[PDB]
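Right, one structure below, let's go through it.
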Amino acid sequence: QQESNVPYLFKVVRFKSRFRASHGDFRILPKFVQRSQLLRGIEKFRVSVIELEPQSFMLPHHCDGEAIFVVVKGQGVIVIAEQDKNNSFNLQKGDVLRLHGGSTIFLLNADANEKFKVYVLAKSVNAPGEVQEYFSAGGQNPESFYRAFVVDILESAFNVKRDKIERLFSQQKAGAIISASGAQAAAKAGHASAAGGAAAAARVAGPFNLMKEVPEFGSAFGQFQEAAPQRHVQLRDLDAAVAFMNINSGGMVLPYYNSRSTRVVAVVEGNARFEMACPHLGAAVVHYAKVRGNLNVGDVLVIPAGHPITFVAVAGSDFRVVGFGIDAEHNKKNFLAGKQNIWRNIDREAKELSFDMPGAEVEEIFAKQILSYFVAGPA
Ligand SMILES: O=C1CC[C@@H](C(=O)O)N1
Ligand SMILES: [Mg+2]
């Protein structure tokens, strides 16, 4: 596994900036099928990262993809402008927001020191996997799409003399993410509901955050929390989930597999060693290829459904990731070792036949791990 050969691994440097901005960046990973047809089952999805430096503003624009924004660091204000409604939310770490495709948005990082980072999942509605940005704001740089219209049409549309309206669209030359003044920050944020306050909603609801809830799976060595479409209606159309997994330093998540959901995992903190069992790269008779590697901040690992996987935190940091789940509804985590695992639900005689060893002996071995989900890693 020279890593560029592991098709499920997408190193951080593979994310491509969509523009050159002074106060931040917006970078997107290539289509998942760029180097392998093994990922054709998730071809319509793209993941990206939005970074805003302190005291910055990202210009109004919309995308042709249905998105889910997850704040991984800092605080920022998102304002959404529809044809007949305005919504603004003050987002914080852990917030999850479903953004309808075609929503014109702008972002503001009002903090004086901390960067605002968002991990984004988008699903195409035009050609599979193609998601583009449409800058309504802008002029020469970023180019505003209004410049695609002839001057007589702009004049008639805006009821403004052509030279004046043309001029409006050529004043901006600073780029897509620029400096915001302290006043401007106060002004643009301020109608923004701060933990959320969706409205007593219909179309665009506010963010939700699960970081204060009890983990679905947890132990002294790690935690797993997930926003499922079963619980959050805003995620049903995309049939996506947003998972948060943290493995404490020196810990590991016990081998497990997802029953039907493919996960696009992005590292937000730390480092980890991963090992996955893949029958495709390996395998008439089936053979499981040992797909392994190391993950660093910003890297992405796609975990296909049904594939056994384990992550081992390395060095002196907890290892934290945000995972987007595709085909999420009805997905179940199946652990392969630990007190709570699938073998708890397999009878003794079946274990004996499974491993050609006395059933009580197989059970004795499977009961040695008294902990579940996350345990101390090798050392
Ligand atoms: O689909 C996407 C890509 C970028 C993000 C946005 O509109 O900022 N939505
Ligand atoms: Mg930049």
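All residue numbers for the sequence shown refer to the working numbering, where the first residue is 11 and numbers rise by one.
Beta carbons: idealized from backbone N, C-alpha and C, even for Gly.
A251 and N341 - do their beta-carbons sit closer together than 8 Å?
Counting from one through the sequence shown, the residue named residue 341 turns up at place 331. Counting from one through the sequence shown, the residue named residue 251 turns up at place 241. Closer than 8 Å, so yes.
Under three-state DSSP, which class holds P289?
Against the sequence shown, residue 289 aligns to sequence position 279. Residue state, collapsed to three classes: helix.
Quick one: residues in its chain with C-beta nearer than 8 Å to the C-beta of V16, no 5 flanking neighbours on either side, listed in chain order?
Within the sequence shown, numbered from 1, the residue matching residue 16 stands at position 6. Once the five neighbours on either side are set aside, the close Cβ partners of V16 are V301, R302, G303.
On the three-pair Cβ rule with 8 Å, is the region 208-226 touching the region 98-108?
yes
Quick one: does the C-beta of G75 sit closer than 7 Å to a heavy atom of ligand 1?
Here residue 75 is taken as the residue at index 65 of the sequence shown, counted from 1. Yes - ligand 1 has a heavy atom lying nearer than 7 Å to the Cβ of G75.
Which same chain residues, not among the five before or five after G335, have their C-beta less than 7 Å away from its C-beta?
The residue labelled residue 335 in the question sits at position 325 within the sequence shown. Hits under 7 Å: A250, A251, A253, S271, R273, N341.
Opening and closing residue of the beta strand (DSSP E) in which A253 lies:
In the sequence shown, the residue the question calls residue 253 occupies position 243. Where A253 is concerned, the enclosing beta strand (DSSP E) stretches over 250-257.
Starting from the C-beta of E339, find all residues in its chain whose C-beta is less than 8 Å away, skip the five residues before and the five after it, and write them out in chain order.
Taking the first residue of the sequence shown as position 1, residue 339 is located at position 329. Cβ within range, chain order: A238, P239, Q240, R246, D249.
Taking 8 Å as the limit between beta carbons, can you name the residues of its chain near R177, skipping five residues before and five after?
As a first step, residue 177 is located in the sequence shown; it is residue number 167 there, counting from the start. Excluding sequence neighbours, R177 sits near nothing in its chain.
Starting from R56, follow the beta strand (DSSP E) in both directions and report where the run begins and ends.
Counted from its first residue, the sequence shown places residue 56 at position 46. 55-62 is the span of the beta strand (DSSP E), which, as asked, contains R56.
List the endpoints of the continuous alpha helix (DSSP H) containing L164.
Against the sequence shown, residue 164 aligns to sequence position 154. Element bounds for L164: 161-168.
Helix, strand or coil: how does DSSP classify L109 here?
Position 99 of the sequence shown holds residue 109. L109 falls in the strand class under three-state DSSP.
Suppose the cutoff is 8 Å on Cβ atoms and the five residues either side in sequence are ignored; what does the same chain contact list for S189 look like?
Mapped onto the sequence shown, residue 189 falls at position 179. These residues qualify, in order along the chain: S32, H33, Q65, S66, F67.
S66 (DSSP reduced to helix, strand or coil):
By 1-based counting over the sequence shown, the position of residue 66 is 56. Looking at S66 - three-state DSSP - the assignment turns out to be strand.
Going by the CB atoms, is the gap between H317 and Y383 shorter than 8 Å?
Here residue 383 corresponds to residue number 373 of the sequence shown, with the count starting at 1. Here residue 317 corresponds to residue number 307 of the sequence shown, with the count starting at 1. No, these two residues do not count as a Cβ contact at 8 Å.
Nearest to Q194 (by Cα), restricted to the options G206, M367, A120
On the sequence shown, position 184 is the one that residue 194 refers to. Measuring from the Cα of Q194, the nearest candidate turns out to be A120.
Let me confirm a value: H297 is counted as buried when at least 16 other C-beta atoms fall within 10 Å, else exposed. Which label applies?
As a position in the sequence shown, residue 297 is number 287, starting the count at 1. The residue in question, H297, is exposed, as its Cβ has fewer than 16 Cβ neighbours within 10 Å.
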